[PDB]
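Worksheet: the structure to be examined is printed underneath.
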Amino acid sequence: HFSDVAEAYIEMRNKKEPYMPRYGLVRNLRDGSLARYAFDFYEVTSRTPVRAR
Amino acid sequence: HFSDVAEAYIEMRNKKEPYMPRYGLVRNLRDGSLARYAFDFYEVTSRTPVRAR
Amino acid sequence: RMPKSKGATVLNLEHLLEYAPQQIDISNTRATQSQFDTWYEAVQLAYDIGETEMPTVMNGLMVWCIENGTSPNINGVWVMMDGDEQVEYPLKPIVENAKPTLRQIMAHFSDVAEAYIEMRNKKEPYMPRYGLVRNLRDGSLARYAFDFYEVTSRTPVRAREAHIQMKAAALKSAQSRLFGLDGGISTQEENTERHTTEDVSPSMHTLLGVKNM
Amino acid sequence: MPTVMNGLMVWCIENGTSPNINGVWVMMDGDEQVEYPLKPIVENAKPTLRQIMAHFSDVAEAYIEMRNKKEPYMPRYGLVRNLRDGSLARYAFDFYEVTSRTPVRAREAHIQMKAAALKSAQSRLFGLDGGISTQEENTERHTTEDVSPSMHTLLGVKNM
Amino acid sequence: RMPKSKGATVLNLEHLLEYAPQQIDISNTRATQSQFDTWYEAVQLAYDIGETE
Amino acid sequence: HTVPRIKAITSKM
RNA sequence: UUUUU
RNA sequence: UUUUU
RNA sequence: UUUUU
RNA sequence: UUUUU
RNA sequence: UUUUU
């Protein structure tokens, strides 16, 4: 239920410092731009871009 | 039995917002135009286009 | 000779002679007015912006794109000039509510974009960044060097050829994949077998036919 | 229905008659867009939608020559194929039907347009087969006497 | 011909004719002024260097 | 015609 | 967009 | 049609 | 014949 | 559907 | 045919 607010919060923290969630670090994600999508409780919707999905 | 009405309903919802059925998201379908065909109870008929089939 | 079905003519000459729609209105390579309205409403609602200052945002969005493209993969923020200040708007509402694609939504801005680039080309050399990436060597074709340009019957032949070559060079040989990795992860079967204190091992119940010597 | 047919013929003169066209097609009601689903048009068309719309070829050519009298009207198919001659705008749609009255230059232009559009498209007779199960059904029983879910006994095994 | 939504024009001609930003200011291939300021502050704080040197 | 400034997380979501 | 040490 | 950041 | 969006 | 610390 | 959560 917190997925949209969590994505918004991670994109907002990604404006004043590099903020990759620790789940994205464990999975060794090499793209920072996909930091708003790197948590395990992400909820994929029809508005999620194909690359993020 | 609900296949034709389901396809019509998904094409109608695809007129006011991006509406890809969750089954199409799970299968990671990369084409939105084939959103009317992305449910598991779809019934393939002789009128279904080749690409959709 | 005109189409017929059961002897009756299928067409309607009286309406046909008076049917003169605009080509861009019936074109397949541009979002329908319903889809444009839906995208505009969604963007306006997401930005929490009233009707008075949304056209300014649209002005800034059209310029930003004329420069940095309209791909489906653009993310982050897009910037607007408020005097000498940068105003950053998230790009998620712009690209997530755009159906069928953001390029087809922004094709509505093509005429105004061309006019704007020709107007900026009067007080300084203004080649859109897309024209710089494609290494266009002619400045006079700067009004035609954006990716959401909409080729019409009034576009000159040289401009049409330049746009086609730019599109071909940008797309290259990009293979289109219909699917990605399937979301079904579990490839095994659920282990419904029981485990009991009588077992000789967590993986086996008895050693039935085993004979010691 | 003839008005709808009028709109359908125009829409196609512009945006092609492929078997893969989907979504909706639009009609001008004054300044308003009227959207009709494209499924009935392409799903009931036998053998192909192009061969069905070939009946409209003469009227389509006449309509394009008539629109070419009050404004430059090159059909979008002629723009995609990058046709450099406006006078051949009445011949630049994909459902054009070449007849014995078509001039030689128009015939050559249409043939070149068709060749450039089709390129080297390989025709596949089949797709992925619908039979998914590639294994065999496991008719074997499972009993409480089994030593494992995959084996019944360990018959010849000797411990030391 | 200018973009329209529900009959009302979407753009703003008066502001558009006076909107002449620098190309490098709206370019995607250069960090935003906010990100440049954040990087500059972070570097300055890490180096323990004052504004003069 | 001022240029508006939107918030990171709008309450209208 | 990134990938140029 | 899409794929042009 | 089909394959031209 | 679950199983992502 | 079933097995697509």
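Ligands are numbered from 1 in the order shown, chains are lettered A, B, ... in the order of the structure tokens, and residues start at 1 in each chain.
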
* Kindly determine which residues of chain E lie within 12 Å of chain H, considering only C-alpha atoms (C1' of nucleotides), and give the answer as an MDAnalysis selection string. => chainID E and resid 27:29

* Asked: Got a sec to tell me which of chain E DSSP assigns to strand (DSSP E), as an NGL selection string?
  -> :E and (4-5 or 8-9)

For the selection just defined, write its residues with N, CA and C atoms to a file, as a short mmCIF file (atom, residue, chain, number, x, y, z; two decimals), in the first residue's frame.
```
data_model
loop_
_atom_site.label_atom_id
_atom_site.label_comp_id
_atom_site.auth_asym_id
_atom_site.auth_seq_id
_atom_site.Cartn_x
_atom_site.Cartn_y
_atom_site.Cartn_z
N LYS E 4 -4.69 22.04 -28.74
CA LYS E 4 -5.95 22.39 -28.12
C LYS E 4 -6.41 21.23 -27.25
N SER E 5 -7.10 21.56 -26.16
CA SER E 5 -7.70 20.57 -25.27
C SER E 5 -9.04 21.11 -24.81
N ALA E 8 -9.98 24.85 -25.70
CA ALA E 8 -9.06 25.86 -25.20
C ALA E 8 -7.64 25.54 -25.62
N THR E 9 -6.91 26.58 -26.02
CA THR E 9 -5.53 26.41 -26.45
C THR E 9 -4.66 25.98 -25.28
#
```

Any chance you could tabulate, as a Markdown table, the residues of chain B at most 9 Å from chain A with each one's nearest atom pair and distance in Å to one decimal, using only C-alpha atoms, in chain and rising number order?
```
| residue | atom | partner | partner_atom | distance |
| --- | --- | --- | --- | --- |
| B:18 | CA | A:46 | CA | 6.2 |
| B:19 | CA | A:46 | CA | 6.0 |
| B:20 | CA | A:46 | CA | 5.4 |
| B:21 | CA | A:46 | CA | 7.7 |
| B:22 | CA | A:45 | CA | 7.6 |
| B:25 | CA | A:46 | CA | 7.2 |
| B:26 | CA | A:44 | CA | 8.7 |
| B:28 | CA | A:53 | CA | 7.4 |
| B:29 | CA | A:50 | CA | 8.7 |
| B:30 | CA | A:50 | CA | 6.5 |
```

* Have a look at CA of residue 36 (chain D) and CA of residue 23 (chain D) and let me know their distance in Å, one decimal. =>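 Computing it gives 8.6 Å between the two atoms.
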
Determine, using only C-alpha atoms, which residues of chain F have any atom at most 9 Å from an atom of chain A, and tabulate each with its shortest atom pair and distance in Å to one decimal place, rows ordered by chain and then rising number, as CSV.
```
residue,atom,partner,partner_atom,distance
F:8,CA,A:12,CA,6.0
F:9,CA,A:8,CA,6.2
F:13,CA,A:4,CA,8.2
```

Store the residues picked out above, limited to N, CA, C and O atoms, as a PDB file, in the first residue's frame.
```
ATOM      1  N   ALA F   8       7.565  17.904  -3.979  1.00  0.00           N
ATOM      2  CA  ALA F   8       8.067  16.582  -4.274  1.00  0.00           C
ATOM      3  C   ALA F   8       6.931  15.600  -4.191  1.00  0.00           C
ATOM      4  O   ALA F   8       6.674  14.850  -5.129  1.00  0.00           O
ATOM      5  N   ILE F   9       6.235  15.611  -3.068  1.00  0.00           N
ATOM      6  CA  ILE F   9       5.152  14.657  -2.868  1.00  0.00           C
ATOM      7  C   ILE F   9       3.881  15.462  -2.649  1.00  0.00           C
ATOM      8  O   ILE F   9       3.646  15.981  -1.551  1.00  0.00           O
ATOM      9  N   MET F  13      -2.240  12.527  -4.216  1.00  0.00           N
ATOM     10  CA  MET F  13      -1.796  11.268  -4.795  1.00  0.00           C
ATOM     11  C   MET F  13      -2.358  10.124  -3.964  1.00  0.00           C
ATOM     12  O   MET F  13      -2.709  10.295  -2.795  1.00  0.00           O
TER      13      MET F  13
END
```

* Mind checking DSSP for chain A and telling me the helix (DSSP H, G or I) residues as number ranges by chain? -> A: 3-13, 22-26, 32-35

* May I ask you to extract the residues of chain C within 6 Å of chain E, using only C-alpha atoms, and to give them as a list in words? =>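 Result, ordered by chain then number: residues 37, 55, 58, 59, 68, 79 and 108 of chain C.
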
* To do: Determine which residues of chain F sit within 7 Å of chain C, taking into account only C-alpha atoms, and present them as a list in words.
  => residues 1, 3, 4, 5 and 6 of chain F

Selection above as a file: C-alpha atoms, as a short mmCIF file (atom, residue, chain, number, x, y, z; two decimals), in the first residue's frame:
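What follows is the written file part27.cif:
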```
data_model
loop_
_atom_site.label_atom_id
_atom_site.label_comp_id
_atom_site.auth_asym_id
_atom_site.auth_seq_id
_atom_site.Cartn_x
_atom_site.Cartn_y
_atom_site.Cartn_z
CA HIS F 1 2.44 34.68 -15.91
CA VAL F 3 6.27 29.82 -13.51
CA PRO F 4 4.81 27.53 -10.80
CA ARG F 5 6.80 25.41 -8.33
CA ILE F 6 5.50 21.96 -7.50
#
```

* Asked: What lies within 8 Å of residue 38 (chain E) using only C-alpha atoms (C1' of nucleotides), ignoring chain neighbours under 4 positions off, as a ChimeraX atom specification?
  -> /A:16-17 /E:34,42
